[PDB]
Amino acid sequence: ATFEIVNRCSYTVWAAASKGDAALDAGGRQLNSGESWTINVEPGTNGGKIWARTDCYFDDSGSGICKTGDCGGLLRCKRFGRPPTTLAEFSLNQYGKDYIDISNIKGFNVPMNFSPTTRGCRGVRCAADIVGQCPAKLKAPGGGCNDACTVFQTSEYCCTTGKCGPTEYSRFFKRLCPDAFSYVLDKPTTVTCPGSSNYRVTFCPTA
């Protein structure tokens, strides 16, 4: 499947693409405002994620640090990034279907639209100003709005017993972005697309 990752933000982002134990394609790249990066993701990829990282510094060897979404200090991500990170999540060619969603379960850093470029399903978007409206206890100094599991590490926010309800904090993310997951057991906002669809992830889609 091909994904075109487009940075419509007015600031630079460092895009990242991983399936948790391996890079997808090059795994990361700098995108200045307006730039597009086309990657290929192998069919059947399960549990892939794409996200943006902000305020990064990397040296010659592709080592350094980002204020949100850092993936162990590497330009080319092999592992998932540190919250807060708005996530585009996908599982491809799962019994003939592709499954996409956007999640705020690991917080929010940059607004995102995640849309097929082929026929047969609709996209999803979380474009609200979550960082500007973020509850004081969830604000991340680096920028971004953390989820409550990252901040407080309780069974209720992290849904560690597999039983948990919505919370004042998950309702905040849900009120601003109803089409994104707001906690682990939220009513799914997954979109089912034809198997082998192609996609565009756009950062700052309204910008």
# chains A, B, ... in the order shown; residues from 1 in each chain; ligands from 1
>>> select_by_dssp(residues="chain A", states="alpha helix (DSSP H)", output="MDAnalysis selection string")
chainID A and resid 130:133 148:152 155:158 168:176
>>> residues_around(residues="region 22-24 of chain A", least_positions_apart="5", cutoff="8 Å", atoms="only C-alpha atoms", output="ChimeraX atom specification")
/A:17,39-41,48,76-79
>>> write_last_selection(atoms="N, CA and C atoms", output="compact mmCIF listing (two decimals), in the first residue's frame")
# COMPACT_ATOMS: atom_id res chain seq x y z
N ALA A 17 7.16 6.40 10.96
CA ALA A 17 6.26 5.31 10.54
C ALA A 17 6.90 4.00 11.10
N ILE A 39 5.65 6.74 1.11
CA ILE A 39 6.22 5.50 1.61
C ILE A 39 5.45 4.30 1.12
N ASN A 40 6.13 3.15 1.08
CA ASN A 40 5.42 1.89 0.77
C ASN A 40 5.42 1.05 2.01
N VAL A 41 4.25 0.50 2.27
CA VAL A 41 4.02 -0.38 3.47
C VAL A 41 3.63 -1.73 2.88
N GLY A 48 0.42 -0.99 12.28
CA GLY A 48 1.29 0.08 11.86
C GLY A 48 0.79 1.44 12.42
N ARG A 76 15.22 7.71 12.14
CA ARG A 76 14.51 6.66 11.47
C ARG A 76 13.95 5.77 12.50
N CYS A 77 12.66 5.92 12.83
CA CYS A 77 12.06 5.16 13.95
C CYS A 77 11.92 3.67 13.70
N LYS A 78 12.36 2.84 14.70
CA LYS A 78 12.12 1.40 14.74
C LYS A 78 11.02 1.07 15.69
N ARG A 79 10.81 1.93 16.72
CA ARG A 79 9.86 1.64 17.77
C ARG A 79 8.86 2.82 17.77
>>> atom_distance(atom1="CA of residue 173 (chain A)", atom2="CA of residue 145 (chain A)")
9.5 Å
>>> closest_residue(among="A:95, A:169, A:90, A:37", to="residue 149 (chain A)", atoms="only C-alpha atoms")
A:169
>>> select_by_dssp(residues="region 82-180 of chain A", states="strand (DSSP E)", output="PyMOL selection string")
chain A and resi 87-94+97-103+112-116+124-126+180
>>> write_last_selection(atoms="N, CA and C atoms", output="compact mmCIF listing (two decimals), in the first residue's frame")
# COMPACT_ATOMS: atom_id res chain seq x y z
N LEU A 87 -2.11 9.67 16.73
CA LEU A 87 -1.70 8.53 15.95
C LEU A 87 -2.60 8.23 14.81
N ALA A 88 -2.03 7.97 13.59
CA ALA A 88 -2.80 7.35 12.52
C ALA A 88 -2.42 5.82 12.61
N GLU A 89 -3.45 4.98 12.78
CA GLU A 89 -3.20 3.54 13.03
C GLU A 89 -3.89 2.74 11.90
N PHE A 90 -3.20 1.65 11.52
CA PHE A 90 -3.77 0.86 10.44
C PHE A 90 -3.33 -0.60 10.56
N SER A 91 -4.22 -1.44 10.07
CA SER A 91 -3.95 -2.88 9.86
C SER A 91 -4.41 -3.23 8.44
N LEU A 92 -3.46 -3.76 7.65
CA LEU A 92 -3.74 -3.84 6.19
C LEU A 92 -4.04 -5.32 5.84
N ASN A 93 -5.00 -5.50 4.94
CA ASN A 93 -5.26 -6.89 4.31
C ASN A 93 -5.55 -7.90 5.41
N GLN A 94 -6.49 -7.55 6.28
CA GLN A 94 -6.91 -8.42 7.42
C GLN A 94 -8.22 -9.04 6.94
N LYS A 97 -9.82 -6.91 4.18
CA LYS A 97 -10.25 -5.52 4.51
C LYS A 97 -9.05 -4.79 5.07
N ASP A 98 -9.04 -3.49 4.92
CA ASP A 98 -8.03 -2.65 5.69
C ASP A 98 -8.81 -1.91 6.78
N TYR A 99 -8.10 -1.67 7.90
CA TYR A 99 -8.79 -1.01 9.07
C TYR A 99 -7.97 0.22 9.43
N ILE A 100 -8.61 1.38 9.44
CA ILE A 100 -7.83 2.62 9.80
C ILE A 100 -8.54 3.36 10.93
N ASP A 101 -7.75 4.13 11.72
CA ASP A 101 -8.38 5.00 12.69
C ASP A 101 -7.35 6.06 13.07
N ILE A 102 -7.86 7.09 13.78
CA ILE A 102 -6.97 8.01 14.47
C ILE A 102 -7.23 7.84 15.98
N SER A 103 -6.14 7.89 16.75
CA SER A 103 -6.27 7.67 18.20
C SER A 103 -5.61 8.83 18.95
N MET A 112 -4.46 16.15 12.58
CA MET A 112 -4.22 15.15 11.49
C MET A 112 -5.50 14.78 10.77
N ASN A 113 -5.41 14.58 9.43
CA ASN A 113 -6.47 13.95 8.66
C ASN A 113 -5.84 12.64 8.12
N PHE A 114 -6.64 11.57 8.11
CA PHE A 114 -6.14 10.28 7.60
C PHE A 114 -7.24 9.73 6.64
N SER A 115 -6.97 9.79 5.32
CA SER A 115 -8.02 9.57 4.26
C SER A 115 -7.50 8.58 3.23
N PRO A 116 -8.39 7.71 2.72
CA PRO A 116 -7.98 6.89 1.56
C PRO A 116 -7.80 7.79 0.33
N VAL A 124 -10.91 10.01 8.31
CA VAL A 124 -11.22 10.53 9.66
C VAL A 124 -10.26 11.65 9.95
N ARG A 125 -10.63 12.52 10.90
CA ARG A 125 -9.83 13.71 11.11
C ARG A 125 -9.94 14.10 12.59
N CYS A 126 -8.82 14.53 13.16
CA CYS A 126 -8.88 15.20 14.48
C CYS A 126 -8.09 16.50 14.25
N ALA A 180 -12.02 10.22 16.88
CA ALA A 180 -10.75 9.56 17.30
C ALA A 180 -10.96 8.77 18.57
>>> residues_around(residues="residue 138 (chain A)", least_positions_apart="6", cutoff="7 Å", atoms="only C-alpha atoms", output="MDAnalysis selection string")
chainID A and resid 145:148 151
>>> residues_around(residues="residue 74 (chain A)", least_positions_apart="3", cutoff="7 Å", atoms="only C-alpha atoms", output="JSON, numbers by chain")
{"A": [62, 63, 64, 71, 77]}
>>> atom_distance(atom1="CA of residue 82 (chain A)", atom2="CA of residue 128 (chain A)")
21.3 Å
>>> residues_around(residues="residue 66 (chain A)", least_positions_apart="5", cutoff="6 Å", atoms="only C-alpha atoms", output="MDAnalysis selection string")
chainID A and resid 54:56
>>> write_last_selection(atoms="N, CA, C and O atoms", output="tab-separated table (two decimals), in the first residue's frame")
chain	number	residue	atom	x	y	z
A	54	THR	N	7.74	16.84	16.91
A	54	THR	CA	8.01	18.29	16.88
A	54	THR	C	9.30	18.61	17.61
A	54	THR	O	9.74	17.85	18.50
A	55	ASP	N	9.91	19.71	17.16
A	55	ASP	CA	11.13	20.28	17.77
A	55	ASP	C	12.21	19.28	17.97
A	55	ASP	O	12.60	18.98	19.10
A	56	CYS	N	12.68	18.74	16.85
A	56	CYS	CA	13.71	17.72	16.89
A	56	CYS	C	15.08	18.36	16.52
A	56	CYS	O	15.17	19.33	15.76
>>> closest_residue(among="A:57, A:132, A:200, A:105", to="residue 170 (chain A)", atoms="only C-alpha atoms")
A:105
>>> residues_around(residues="residue 167 (chain A)", least_positions_apart="2", cutoff="9 Å", atoms="only C-alpha atoms", output="ChimeraX atom specification")
/A:156-157,164-165,169-172,183
>>> write_last_selection(atoms="C-alpha atoms", output="short mmCIF file (atom, residue, chain, number, x, y, z; two decimals), in the first residue's frame")
data_model
loop_
_atom_site.label_atom_id
_atom_site.label_comp_id
_atom_site.auth_asym_id
_atom_site.auth_seq_id
_atom_site.Cartn_x
_atom_site.Cartn_y
_atom_site.Cartn_z
CA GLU A 156 -8.74 3.25 35.40
CA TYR A 157 -7.00 5.56 32.90
CA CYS A 164 -12.64 0.89 32.59
CA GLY A 165 -15.07 3.65 31.78
CA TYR A 169 -10.05 13.40 30.78
CA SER A 170 -11.05 10.98 28.00
CA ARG A 171 -14.31 13.08 27.57
CA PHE A 172 -12.23 16.15 26.84
CA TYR A 183 -9.59 5.79 25.74
#
>>> closest_residue(among="A:29, A:19, A:174, A:163", to="residue 5 (chain A)", atoms="only C-alpha atoms")
A:29
>>> closest_residue(among="A:31, A:140, A:26, A:159", to="residue 7 (chain A)", atoms="only C-alpha atoms")
A:31
